[PDB]
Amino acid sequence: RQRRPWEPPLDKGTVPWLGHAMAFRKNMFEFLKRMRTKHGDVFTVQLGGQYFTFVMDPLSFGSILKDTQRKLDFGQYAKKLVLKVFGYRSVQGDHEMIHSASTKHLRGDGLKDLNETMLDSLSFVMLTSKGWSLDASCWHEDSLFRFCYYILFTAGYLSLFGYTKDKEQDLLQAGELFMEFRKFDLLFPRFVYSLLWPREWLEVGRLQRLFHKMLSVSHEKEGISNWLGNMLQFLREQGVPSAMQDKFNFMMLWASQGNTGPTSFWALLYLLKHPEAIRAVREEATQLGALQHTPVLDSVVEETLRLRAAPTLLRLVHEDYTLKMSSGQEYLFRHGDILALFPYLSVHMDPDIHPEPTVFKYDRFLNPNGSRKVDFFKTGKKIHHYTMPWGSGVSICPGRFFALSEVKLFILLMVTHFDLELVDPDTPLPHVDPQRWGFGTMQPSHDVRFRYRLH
């Protein structure tokens, strides 16, 4: 590839025939930081087979996301990724099925019917696996990350993929599945990057075949979410075999449980590390369908996602795309190239939009009167895209409302019915594990111990 004057700069790396794959996969966040300062806001690099063009100017996010014409497509790239990782082969129309099923059953009425079960399942799991002793004041030490993740995963799994007659048995396997899910989740970025030791490729194979069987469409379950059954109806109706339906189910299990848990971890952890904040939500909590009446919690969860939701927004260009920068410069993107945004660096951590951006400020999105603050600026200019945990366009997360009910209910239940303390409130928060930069909600570099007991 030879660059044309009208294209953005093309950086081939100091050592050519190697590129930036090594520095990119190691710490994507730091790699893009260096590139922004070196080439400015728009630059192109080769990763894997593809050529990627990054746009770091938040002001230009406007036209790109409102793809007025038909030029950018998220699904053409995503289907390649899920094929490698889950072996699911996209069929004509499944992209629209998912969104229809989601708008219909993960929003409005579908969502409240579902939220009622999620609450039921989250209460049952907390109580049953709580841990007990003959002494009623006994503290119980656990690991906060594994704790939150196991809770959201079990309740999420049972609310979506169905429960059975024996509700204790459900929990037991749900926990057994969790352990194996966590093993798959941990290898996932390196799987996407093919940076696995030969033994690890086998583990990913075993985990695949394992979930395929547990979630198999032949396997007695009652009351599965309308979201899932609606989607399998489409698949069976288009002649999708059952084996491929099993691969579909595993992909949706990972999609629906992959971030909700880790996001709960950071929120509760930020709340424990800021007495100011945990009291505001506890008090809001004390005083059914009240999830829409928690402005304080709402802002605690936006701020958490601002600090720990670091996805990449990828679009394949299938017709030559022309981007005009606020500056006054035009840039041409070739069809076949991957358009990429990293709103974490461009938006979340921009000090002009969010002063002291690396600081958890539970009230960051609250107006002095407690109303919702939706007015943010970069040097006088209004930024409609001030937080971007879900993305935008026709590919914005169709489960973001469920995820939010999921996380909000967990927090409320925890801060209400439990005494919480960090084993070591003096040590610094774990930093993001850099190997997952760009894949959704970040995960801690190391777990933190915490103790809990009832009131």
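One rule holds for the numbers: they count along the sequence shown, beginning at 1.
- According to the entry, the stretch of the deposited sequence that connects residue 369 to residue 370 contains no residue lacking coordinates, so the chain runs unbroken between them.
- Per the record, residue 140 and residue 141 are directly connected, as no deposited residue between them is missing from the model.
- Remark: stretch with higher mean C-alpha B factor among 380-388 and 207-215 is 380-388.
- Between the stretches 78-86 and 371-379, it is 371-379 that shows the larger average CA temperature factor.
- Residue-level inspection of the entry shows that, of 159, 245, 263, 287, 287 has the top Cα B-factor.
- Note on the listed residues 316, 253, 127, 325: the highest Cα temperature factor in the record is that of 325.
- In the PDB entry, residue 163 places in the highest third of its chain by CA B-factor.
- Among all modelled residues in this chain, the alpha-carbon of residue 268 has a temperature factor (C-alpha) in the lowest third.
- When all modelled residues of the chain are sorted by CA temperature factor, residue 48 is found within the middle third.
- Split the chain's modelled residues into thirds by C-alpha temperature factor. Residue 190 is in the lowest one.
- In the PDB entry, residue 359 places in the middle third of its chain by CA B-factor.
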